[PDB]
Amino acid sequence: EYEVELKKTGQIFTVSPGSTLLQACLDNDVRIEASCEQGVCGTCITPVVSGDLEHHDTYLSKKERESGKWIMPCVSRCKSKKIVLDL
Amino acid sequence: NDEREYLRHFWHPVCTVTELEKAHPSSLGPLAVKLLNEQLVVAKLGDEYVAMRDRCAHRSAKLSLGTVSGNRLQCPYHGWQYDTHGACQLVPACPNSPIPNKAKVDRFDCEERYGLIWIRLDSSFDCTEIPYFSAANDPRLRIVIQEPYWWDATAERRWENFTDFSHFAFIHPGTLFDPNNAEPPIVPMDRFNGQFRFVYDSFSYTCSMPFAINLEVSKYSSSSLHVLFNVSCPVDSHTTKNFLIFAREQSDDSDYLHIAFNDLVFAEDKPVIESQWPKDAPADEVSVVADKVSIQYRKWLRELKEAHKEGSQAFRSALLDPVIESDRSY
Amino acid sequence: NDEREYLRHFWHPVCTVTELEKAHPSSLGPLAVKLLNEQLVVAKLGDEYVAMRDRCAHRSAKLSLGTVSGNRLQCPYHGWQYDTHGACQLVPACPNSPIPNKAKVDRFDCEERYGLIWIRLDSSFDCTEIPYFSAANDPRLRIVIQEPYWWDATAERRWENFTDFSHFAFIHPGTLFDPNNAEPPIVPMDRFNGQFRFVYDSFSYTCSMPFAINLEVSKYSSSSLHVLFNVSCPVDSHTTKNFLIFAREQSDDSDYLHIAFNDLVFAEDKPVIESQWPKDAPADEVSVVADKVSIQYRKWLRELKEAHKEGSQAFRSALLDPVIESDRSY
Ligand code: FES
Ligand code: FES
Ligand code: FES
Ligand SMILES: [Fe+3]
Ligand SMILES: [Fe+3]
């Protein structure tokens, strides 16, 4: 019910249980685009290095979802404990 | 201008067969046409529908003001004749001199199907086919080919309107809006064999990418089925020549009962879709969950764009690799 | 490009009120308008005249094709509705989904006065006000609002024609020329409150910059007043939508007597001012002494254009700092 995360910029922070990964990111001053803040437009797509993922979007193909290389932070989350985004 | 270069690998419809036969009293053409800003001429040379650049290699006159002579297109100015490969075979002023090797105009893949004439400007990836029309061959079905209709909108925007669900209540209240089934669903979409496929409840789409839609409406199979086939010719950056062919089982009624109805719903869309600016969809449009089809459509066109830059094999994969989202089996 | 950027800080008239009421049968609008190459839509939402960019945030339809529903402007395509702040408050396709935060369109300062609708595209310098019309509120006078008249000419050149004293003998010989007043005076011109002020004998000009002109005339034919308020709207690089309101003390005669006269004066100007090329006056025009009004006005605009670059306060100073040449007080 809590997750940390890292970057290629080294920054690291925590998603309190009431937040979207996206809101966590913005709260910590990560520039990350958004529009359909439900999982469809796809502009918030961001890339993943590590971590185990749950998708709730309707943008990523089943194969894209099964590759841990992408995530839509507006609606998706991490069930692992850490997740590293390549940003 | 080369954001639209990938479009040259696809087959595009440029005219109806009856437009070519009407064009010139000979019934062989020539007919001038414009596709992705290219100026082309179409003509029947022998048993072939031939498509060349509408510009003669000699003094740059338009072959579309010429005439078909036997199996050749004859320029109207000094009478040069061009064969089905765009090579000059007769220079009337020096019939005994050699024909310069450059005496040649570009030729393009030109094939008829479904009653329309399709042109493929760039065949070098050898991996695109003419869009799919479900109702051809099926002999239970009467097939009508409406006159082409022209919109001041792009093939992408016209495409998206034809596959749109959210807009019935507002543009087509009198003609298409079903007030009990008022709100649109989200449906799984498959990529298969270069086509998008998705269904409703029953409407079944088979959208051969980029610009063709094949819509099979059945009345829960009880009554009888109706097929709409709509394809957009990207004439230039702002314009579409749009083709609608429709087939129906129930052939006992008047063709002009349907032609008027189609005509009506198109007249309802045209002024809205033409109003959209900028004409090409910029990156600041805000979507919501009902827009799944439009987003998925744009996702794939971008991939086809990038795949094209990478080259032939990349493009073949992008277009033909299956991407199944539903339970239907292939 | 952005050499006209400073003009966005002023209030400009886009339409008469009747034009908006006439535009759509509801009498609430919407009405499309072009101001400095910007495409906008104007509508009466509740008690407010609202101005938005004429471009939906969903898929970019023109909201001017839409309809006013409640206190919102409803898009023609999928019926998103926008409140007085340009925020979408209803997405008909997913009513049980939250509206995206980017689901909004740019809104502009929009205010009615004198029977016209005014828009201010840029409010950041917060120091401009709607031009001054001397005959509003004065209950002794009968005000008339002519229909907008369009000229293939810029707002700057329209203004210079209206305050010009040197053309009467040639363009308006039989309608405004005074034989034994054939040579124009040079006059004191003051800057007050962001306005040019000057008189001539009387004729008392109060020109709120950049494009408004308020001319009071205490007739040598009456001992009673007559007032001309003319304001050019720059719709694009080459054209203006021009407004004329006039008030008169002797209110007993037909409105059309004067309407026909004004319309005839403009008819005499129009061809000549349209012929002026380039549309924007270049540096190689050679002024003379009698062009004092032309010169001071180009000078003030040039200063204002510079001031805009150096930021908010330098602009507010160039507009509002007073400069007195005559012997009057204020
Ligand atoms: S913001 Fe559009 S899908 Fe996440
Ligand atoms: S231009 Fe074609 S023959 Fe001279
Ligand atoms: S484009 Fe305006 S609501 Fe869809
Ligand atoms: Fe439609
Ligand atoms: Fe004049």
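For this coordinate set, the PDB header names X-ray crystallography as the determination method and states a resolution of 2.961 Å.

A. View of the sheet that holds strand β5 (residues 67-69) of chain B. All names here are of chain B. In spatial order, the strands read β5-β6-β7-β8; together these four strands make up an open sheet with antiparallel pairing. Strands at the two margins of the open sheet, each flanked by one partner only, are β5 and β8 (88-90). The pairing of strand β6 (residues 72-74) with strand β7 (residues 81-82) spans two bridges and is antiparallel. Considered in β7, the bridge of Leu 73 is made with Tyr 82.

B. Structural view of the state of the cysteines. Scanning all chains against the criterion turns up zero disulfides over all chains. The thiol of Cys94(B) is unpaired, and the distance to the nearest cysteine sulfur, on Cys88(B), comes to 11 Å.

C. Layout of the UniProt feature "binding site: [2Fe-2S] cluster" in chain B. All names here are of chain B. The positions UniProt marks with the feature "binding site: [2Fe-2S] cluster" are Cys 56, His 58, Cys 75 and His 78. Over a stretch of 23 residues, the named residues converge on one spot in the fold, their C-alpha atoms separated by at most 10.2 Å. As for its position among the elements, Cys 56 is in the loop between β4 (48-53) and β5. Judged by its relative accessible area of 1%, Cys 56 is buried. In contact with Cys 56, other than residues within four places in its own chain, are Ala 61, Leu 63, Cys 75, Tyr 82 and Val 105. Given the relative accessible area of 23%, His 58 is considered partly exposed. Among residues more than four places away in sequence, those in contact with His 58 are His 78, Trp 80 and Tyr 82.

D. View of the interface of chain B and chain C. Each side of the interface is counted separately: chain B has 29 residues, and chain C has 26 residues. When residues of chain B are sorted by the area they lose upon contact with chain C, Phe170(B), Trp277(B) and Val286(B) head the list and together hold 37% of the total. Counting across the chain B and chain C interface gives 15 residue pairs in polar contact. Mapped by element, the contributors of at least two residues to the side of chain B that touches chain C are α2 (155-162), α3 (168-171), α4 (255-275) and α5 (292-310) of chain B. The dominant element in the side of chain B that touches chain C, judged by the number of residues it contributes, is α4(B), at four residues. For the side of chain B that touches chain C, the per-class residue count stands at 14 nonpolar, seven polar and eight charged.

E. Spotlight on the pairing of strand β14 (residues 195-200) of chain C. Residues and elements named next belong to chain C. Of all the six residues making up β14, five are buried; the element is thus mostly covered by neighbouring parts of the structure. In the sheet, strand β13 (residues 190-192) pairs with β14 via three bridges, with the strands oriented antiparallel. Each residue of the ladder has a partner; that of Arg 191, found in β14, is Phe 196. Between the antiparallel neighbours β13 and β14 lie two residues, among them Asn 193 with a positive phi of about 50 degrees. The pairing of β14 with strand β15 (residues 203-208) spans six bridges and is antiparallel.

F. Quick look at the coordination of the iron ion (ligand 5). For the iron ion (ligand 5), the full set of protein donor atoms is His167(C) (NE2), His172(C) (NE2), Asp269(C) (OD) and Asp269(C) (OD), and the range of their distances to it is 2.2 to 2.7 Å. In this structure, the iron ion (ligand 5) is surrounded by four donor atoms whose angles at the metal cover 53 to 137 degrees, and the resulting shape is irregular.

G. Structural context of unusual backbone geometry. Put simply, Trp277(B) and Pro278(B) share a cis peptide bond, and its omega is -5 degrees. By the secondary structure assignment, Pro278(B) is in the loop between α4 and α5. A cis amide bond links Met209(C) to the next residue, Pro210(C), at an omega of 5 degrees. Here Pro210(C) shows up in the loop between β15 and β16 (212-218).

H. Examining the interface of chain C and chain A more closely. Residue-level contacts link five residues of chain C with five residues of chain A. Both faces considered, chain C and chain A share a buried interface measuring about 330 Å² in area, 45% of it formed by carbon and sulfur atoms. When the buried area of chain C at its contact with chain A is split by residue, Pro98(C), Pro100(C) and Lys102(C) rank highest and sum to 76% of it. For the pair chain C and chain A, the number of links is zero salt bridges. Here chain C and chain A share two residue pairs in polar contact between them. Residues that form the side of chain C that touches chain A fall into these classes: two nonpolar, two polar and one charged.

I. Structural detail: the coordination of the iron ion (ligand 4). Within the protein, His167(B) (NE2), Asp269(B) (OD) and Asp269(B) (OD) serve as the donor atoms for the iron ion (ligand 4), at 2.3 to 2.7 Å. Like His167(B), the residue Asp269(B) is buried in the burial classification.

J. View of helix α2 (residues 155-162) of chain C. The buried count for α2(C) comes to eight of eight residues, which makes it a mostly enclosed element. Of all the positions in α2(C), only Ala155(C), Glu156(C), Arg157(C), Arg158(C), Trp159(C), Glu160(C), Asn161(C) and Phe162(C) are classed as buried.

K. Geometry of the relation of the copies chain B and chain C. In screw terms, the move from chain B to chain C is a rotation of 121 degrees and a rise of 0.0 Å along the axis, fitting with an RMSD of 0.7 Å. These values place the two chain copies in the arrangement generated by a three-fold rotation axis.

L. Structural detail: the sheet that holds β4(B). Residues and elements named next belong to chain B. Strand order in the open sheet formed by six strands is β1-β10-β9-β4-β3-β2, with antiparallel pairing between adjacent strands. Of all the strands in the sheet, just β1 (11-16) and β2 (31-35) have a single pairing partner and so form its edges. Strand-to-strand twist in this sheet, taken as the mean axis angle between neighbours without regard to direction, amounts to 35 degrees. Pairing geometry for strand β3 (residues 38-45) and β4, over six bridges, is antiparallel. Opposite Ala 43, over in β4, you have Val 50 as the bridge partner.

Conventions we followed
Residues numbered from 1 in each chain as written, not as in the entry; some residues may be left out. Chains lettered and ligands numbered in written order. Part of a larger assembly, values for the part shown. Heavy atoms only, no water. Residues with missing side-chain atoms left out of burial classes, pairs and counts. Pairing = 2+ DSSP bridges. Helix = DSSP H or I, 4+ residues; strand = E, 2+ residues; numbered from the N terminus. Disulfide = S-S within 2.5 Å. UniProt positions renumbered as here; feature names shortened; annotations may be inferred. Buried < 20%, exposed > 50% of the residue type's maximum accessible area, 1.4 Å probe, protein only. Contact = heavy atoms within 4.5 Å. Buried area = accessible area lost by both parts, 1.4 Å probe. Polar contact = N/O pair within 3.5 Å; in protein donor to acceptor, adjacent residues only side chain to side chain. Nonpolar A, V, L, I, M, F, W, Y, C, P; charged D, E, K, R; others polar. Donors = N, O, S within 2.8 Å, 3.2 Å for Na, K, Ca; no water. Tetrahedral: all angles 85-135°; square planar, octahedral: opposite > 155°, others 65-115°. Salt bridge = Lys/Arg side-chain N within 4 Å of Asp/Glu carboxyl O. Least-squares fit on C-alpha atoms. Axes fitted to C-alpha atoms, helices over the stretch in contact; angles between N-to-C directions.

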